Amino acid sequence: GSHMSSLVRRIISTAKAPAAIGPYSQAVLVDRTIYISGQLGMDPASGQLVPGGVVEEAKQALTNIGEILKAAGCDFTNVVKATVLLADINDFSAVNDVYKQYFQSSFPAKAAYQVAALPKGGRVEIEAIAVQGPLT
């Protein structure tokens, strides 16, 4: 508690991603690992879900993750694991097609499945874990 190295622990916060609607940080950097909170397809300015259903929500959620990554000195190539929570399993393929446009190489490990309900009636919510570079 004093006998080992003191590791970085930094709260990541950017107005380019939505404000919190509960007692949480957008992301936490600890040592070099970044835990990103689950992101809905929420407009950063209004705090409400973007219109147009699951495809548009997925694009916005991933955009939000990208801005949090950038605030933490990373990009999508630093992501090592993601979780995609769906309101409808039948949206699996369509959300995958959005996802692949952001995660273009060194693809993260992943789980994707249908939950009973998301906050605000979201159709998709995406969590991620990243590691600060350099990565060989």
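All residue numbers are counted from 1 along the displayed sequence.
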{"item": "Mean C-alpha temperature factor, higher of 67-75 and 97-105", "value": "97-105"}
{"item": "Which of 121-129 and 18-26 has higher mean CA B factor, as the PDB entry lists it", "value": "18-26"}
{"item": "Largest Cα B-factor, entry values, listed residues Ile89, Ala45, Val84, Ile34", "value": "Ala45"}
{"item": "Third assignment of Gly38 from its chain's C-alpha B-factors", "value": "lowest"}
